[PDB]
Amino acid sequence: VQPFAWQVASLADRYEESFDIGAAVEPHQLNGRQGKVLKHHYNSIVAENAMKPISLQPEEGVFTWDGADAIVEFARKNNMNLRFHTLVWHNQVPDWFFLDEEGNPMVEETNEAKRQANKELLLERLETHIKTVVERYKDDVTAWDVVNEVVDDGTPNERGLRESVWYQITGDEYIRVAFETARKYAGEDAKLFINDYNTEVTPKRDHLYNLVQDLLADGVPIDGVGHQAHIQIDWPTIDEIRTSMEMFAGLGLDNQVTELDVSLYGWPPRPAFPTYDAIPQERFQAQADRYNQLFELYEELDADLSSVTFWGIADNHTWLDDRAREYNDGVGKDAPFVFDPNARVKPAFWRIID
């Protein structure tokens, strides 16, 4: 029987000279159970869902601050830093953004002058969204995921940009405008990030690299890269992770690990064990070795890495379960964190606290 998360040394304290230790949270978890873990181990939080575009402005001019406000009040009360996720994304984003003045989707407009008008309108809606959100949470947010996942996993164009509605309408102008607007209202010391998954993987890594390089050359204020780090036990390699972070540091950018989880499975995540109890200890041990190697790298690169956030707290709640179930006919349990479903420590915790 492993000790509870509150009965062991703090992760935040352990890595105090190196980087923040973070967790993704929902409002329902800011009660005692998961609150005891959070206060003990973490000095930074992020909203798992409550600060995404549709979570804040579901309809034009109607704002839903309550979930986000609760998360911010917890950050304040418990003296935690706060990453904002996220100002721009092609998912969890409300439809009204992309409808023209006549209520029709902007993508199905052909007259080029009207497209130009719709592009301007879309950029102005974006700007007002960012303006409003930033003016509210300016003095609480310590890092901004300004745009999320704007680089494609393949190569549908030579710049490797994701061809979402944002891109279909504006090209890369939404990225520029997102950053420009956030700098403008958040201030000069606000740390503005571009966040993505598979930042360690070529060709995507090089497309991301080239993108931030082009925008920096045009004076677009990007202070850092967010590495989501939705990784596996043996993928990506430690050297691929290292190489990516070194590359972005060499552009004078900061690195942050933003959504870390160490899945027990490959991609796609099958076969998955049906339940937590059915997962063999063997697999938790392979996970612990991986974590040890991960955090030695992170600590080695602490000059260039300011924050390491896990995308959840304990193994009872993780979006990786959705993915497991998806690929195993509705049955699947992953276990990506250093704390188990009853908030007891796992082998992985011991390998990163030492």
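One-based numbering along the sequence shown.
I need to verify one thing: averaged over C-alpha atoms only, is the B-factor higher for 147 to 155 or for 93 to 101?
The deposited B-factors put 93 to 101 ahead on the C-alpha mean.
Out of 343 to 351 and 3 to 11, which stretch has the higher average CA B-factor listed in the record?
Going by the record's values, the stretch with the higher mean is 3 to 11.
Choose from 259, 254, 246, 196 the residue with the greatest Cα B-factor as stated in the PDB record.
Comparing C-alpha B-factors across 259, 254, 246, 196, the top value belongs to 246.
According to the deposited entry, which of 45, 297, 62, 314 has the largest Cα B-factor?
Answer for 45, 297, 62, 314: 62, with the highest C-alpha B-factor.
Thinking about Cα B factors across the chain, which third does residue 69 belong to?
Residue 69: CA B-factor falls in the middle third of its chain.
Give the position of residue 332 by CA B-factor within its chain, expressed as the lowest, middle or highest third.
It falls in the middle third of the chain.
Against its chain's modelled residues, does residue 79's Cα B factor rank lowest, middle or highest third?
Answer is highest: the recorded C-alpha B-factor places it there.
Would you mind checking where the Cα B-factor of residue 184 ranks among the modelled residues of its chain, as the lowest, middle or highest third?
It falls in the top third of the chain.
Comparing against every modelled residue in the chain, figure out the third that the C-alpha B-factor of residue 215 lands in (lowest, middle or highest).
Tercile = highest for this residue's CA B-factor.
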